[PDB]
Each structure stands twice: as structure tokens, then as C-alpha cells.
file target-v2.csv (CSV, C-alpha atoms and all ligand atoms)
chain,number,residue,atom,x,y,z
M,1,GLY,CA,154.1,0.5,200.9
M,2,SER,CA,155.5,3.9,201.7
M,3,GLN,CA,158.4,4.0,204.2
M,4,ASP,CA,160.1,6.7,206.2
M,5,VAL,CA,157.1,9.0,205.7
M,6,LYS,CA,156.4,11.8,208.2
M,7,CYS,CA,157.1,11.1,211.8
M,8,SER,CA,155.1,9.1,214.4
M,9,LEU,CA,152.8,11.0,216.8
M,10,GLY,CA,154.7,13.2,219.3
M,11,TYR,CA,157.5,13.7,216.7
M,12,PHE,CA,158.1,15.7,213.6
M,13,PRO,CA,160.5,15.5,210.6
M,14,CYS,CA,163.2,18.1,210.2
M,15,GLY,CA,162.2,18.4,206.5
M,16,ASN,CA,163.8,16.6,203.5
M,17,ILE,CA,166.1,14.8,205.9
M,18,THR,CA,165.3,11.3,207.3
M,19,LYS,CA,165.1,12.1,211.0
M,20,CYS,CA,162.4,12.7,213.7
M,21,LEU,CA,162.6,14.4,217.1
M,22,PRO,CA,160.2,15.0,219.9
M,23,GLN,CA,158.4,18.4,220.2
M,24,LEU,CA,160.7,18.9,223.3
M,25,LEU,CA,163.5,19.7,220.9
M,26,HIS,CA,161.2,21.6,218.6
M,27,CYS,CA,162.3,25.3,218.6
M,28,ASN,CA,164.1,24.6,221.9
M,29,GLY,CA,167.0,26.7,220.8
M,30,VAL,CA,169.3,23.6,220.2
M,31,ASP,CA,171.0,22.4,217.1
M,32,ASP,CA,169.8,18.8,216.2
M,33,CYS,CA,168.3,18.6,212.7
M,34,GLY,CA,171.7,19.8,211.5
M,35,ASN,CA,170.2,22.1,208.7
M,36,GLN,CA,168.7,24.2,211.5
M,37,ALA,CA,165.3,23.6,209.8
M,38,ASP,CA,163.4,23.1,213.1
M,39,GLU,CA,164.9,26.5,214.3
M,40,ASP,CA,163.9,28.1,211.0
M,41,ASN,CA,161.6,31.1,211.7
M,42,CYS,CA,160.1,29.2,214.6
M,43,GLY,CA,158.0,32.3,215.4
C,101,CA,CA,166.0,22.4,218.0
call {"tool": "encode", "arguments": {"input": "target-v2.csv", "output": "C-alpha cells", "more": "lines below"}}
Ligand SMILES: [Ca+2]
result
Amino acid sequence: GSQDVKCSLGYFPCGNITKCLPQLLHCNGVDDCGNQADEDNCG
């Protein structure tokens, strides 16, 4: 029954926003999530 939960394999959610992007854009130094959550202290 749950819907829009987590992202499929090979993708990750920006956080509390409904959206998923490939690891390629993860900490890639590019604005995409909008809230800059993926670029938040990437380490
Ligand atoms: Ca990014």
C-alpha cells in the first residue's frame, strides 16, 4: 500500500521531497534536488 517511498535501486531520494536521481548526480557538484540536500555535507 505505501507509495512514493524511497527510490528504486541505483537512485536515491533528495529527502522530504518527492524526487529520485541516479548516483551519477549524487554529490556531483550540480544543483538538482533544489534544496541542495544531495550536496549537503557530502563529505
Ligand atoms: Ca547534485
call {"tool": "residues_around", "arguments": {"input": "target-v2.csv", "residues": "region 18-22 of chain M", "least_positions_apart": "5", "cutoff": "12 Å", "atoms": "only C-alpha atoms", "output": "list in words"}}
result
residues 3, 4, 5, 6, 7, 8, 9, 10, 11, 12, 13, 27, 28, 30, 31, 32, 33, 34, 35, 37 and 38 of chain M
call {"tool": "closest_residue", "arguments": {"input": "target-v2.csv", "among": "M:29, M:15, M:1, M:43", "to": "ligand CA 101 (chain C)", "atoms": "only C-alpha atoms and all ligand atoms"}}
result
M:29
call {"tool": "closest_residue", "arguments": {"input": "target-v2.csv", "among": "M:14, M:42, M:2, M:26", "to": "ligand CA 101 (chain C)", "atoms": "all atoms listed in the file"}}
result
M:26
call {"tool": "build_atoms", "arguments": {"input": "target-v2.csv", "residues": "region 20-42 of chain M", "atoms": "N, CA and C atoms", "output": "JSON list (two decimals), in the frame of the given file"}}
result
[["chain", "number", "residue", "atom", "x", "y", "z"],
["M", 20, "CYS", "N", 163.60, 12.18, 212.91],
["M", 20, "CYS", "CA", 162.40, 12.70, 213.70],
["M", 20, "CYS", "C", 162.82, 12.98, 215.09],
["M", 21, "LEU", "N", 162.27, 14.03, 215.66],
["M", 21, "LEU", "CA", 162.60, 14.40, 217.10],
["M", 21, "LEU", "C", 161.37, 14.83, 217.81],
["M", 22, "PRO", "N", 161.33, 14.60, 219.09],
["M", 22, "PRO", "CA", 160.20, 15.00, 219.90],
["M", 22, "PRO", "C", 159.92, 16.48, 219.97],
["M", 23, "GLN", "N", 158.71, 16.89, 220.21],
["M", 23, "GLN", "CA", 158.40, 18.40, 220.20],
["M", 23, "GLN", "C", 159.29, 19.04, 221.28],
["M", 24, "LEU", "N", 159.79, 18.30, 222.23],
["M", 24, "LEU", "CA", 160.70, 18.90, 223.30],
["M", 24, "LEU", "C", 161.84, 19.61, 222.62],
["M", 25, "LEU", "N", 162.37, 19.04, 221.57],
["M", 25, "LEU", "CA", 163.50, 19.70, 220.90],
["M", 25, "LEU", "C", 163.06, 20.58, 219.77],
["M", 26, "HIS", "N", 161.78, 20.76, 219.65],
["M", 26, "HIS", "CA", 161.20, 21.60, 218.60],
["M", 26, "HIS", "C", 161.39, 23.11, 219.01],
["M", 27, "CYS", "N", 162.09, 23.90, 218.25],
["M", 27, "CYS", "CA", 162.30, 25.30, 218.60],
["M", 27, "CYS", "C", 162.75, 25.44, 220.06],
["M", 28, "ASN", "N", 163.55, 24.51, 220.49],
["M", 28, "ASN", "CA", 164.10, 24.60, 221.90],
["M", 28, "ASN", "C", 165.38, 25.33, 221.92],
["M", 29, "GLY", "N", 165.77, 25.90, 220.81],
["M", 29, "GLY", "CA", 167.00, 26.70, 220.80],
["M", 29, "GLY", "C", 168.23, 25.72, 220.85],
["M", 30, "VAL", "N", 168.14, 24.59, 220.21],
["M", 30, "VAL", "CA", 169.30, 23.60, 220.20],
["M", 30, "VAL", "C", 169.50, 23.06, 218.83],
["M", 31, "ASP", "N", 170.74, 22.91, 218.45],
["M", 31, "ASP", "CA", 171.00, 22.40, 217.10],
["M", 31, "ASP", "C", 170.88, 20.84, 217.11],
["M", 32, "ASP", "N", 170.04, 20.31, 216.26],
["M", 32, "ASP", "CA", 169.80, 18.80, 216.20],
["M", 32, "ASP", "C", 169.57, 18.39, 214.79],
["M", 33, "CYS", "N", 168.61, 19.00, 214.14],
["M", 33, "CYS", "CA", 168.30, 18.60, 212.70],
["M", 33, "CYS", "C", 169.56, 18.76, 211.87],
["M", 34, "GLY", "N", 170.45, 19.63, 212.25],
["M", 34, "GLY", "CA", 171.70, 19.80, 211.50],
["M", 34, "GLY", "C", 171.50, 20.98, 210.47],
["M", 35, "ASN", "N", 170.43, 20.96, 209.72],
["M", 35, "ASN", "CA", 170.20, 22.10, 208.70],
["M", 35, "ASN", "C", 169.46, 23.21, 209.45],
["M", 36, "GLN", "N", 169.34, 23.14, 210.75],
["M", 36, "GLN", "CA", 168.70, 24.20, 211.50],
["M", 36, "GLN", "C", 167.27, 24.46, 210.88],
["M", 37, "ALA", "N", 166.64, 23.43, 210.40],
["M", 37, "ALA", "CA", 165.30, 23.60, 209.80],
["M", 37, "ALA", "C", 164.26, 23.76, 210.92],
["M", 38, "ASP", "N", 164.39, 23.02, 211.99],
["M", 38, "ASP", "CA", 163.40, 23.10, 213.10],
["M", 38, "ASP", "C", 163.52, 24.55, 213.72],
["M", 39, "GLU", "N", 164.69, 25.13, 213.70],
["M", 39, "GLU", "CA", 164.90, 26.50, 214.30],
["M", 39, "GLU", "C", 164.68, 27.54, 213.17],
["M", 40, "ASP", "N", 164.10, 27.15, 212.06],
["M", 40, "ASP", "CA", 163.90, 28.10, 211.00],
["M", 40, "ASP", "C", 162.66, 28.96, 211.22],
["M", 41, "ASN", "N", 162.83, 30.23, 211.47],
["M", 41, "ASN", "CA", 161.60, 31.10, 211.70],
["M", 41, "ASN", "C", 160.63, 30.36, 212.58],
["M", 42, "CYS", "N", 161.04, 29.91, 213.74],
["M", 42, "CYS", "CA", 160.10, 29.20, 214.60],
["M", 42, "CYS", "C", 158.91, 30.08, 214.96]]
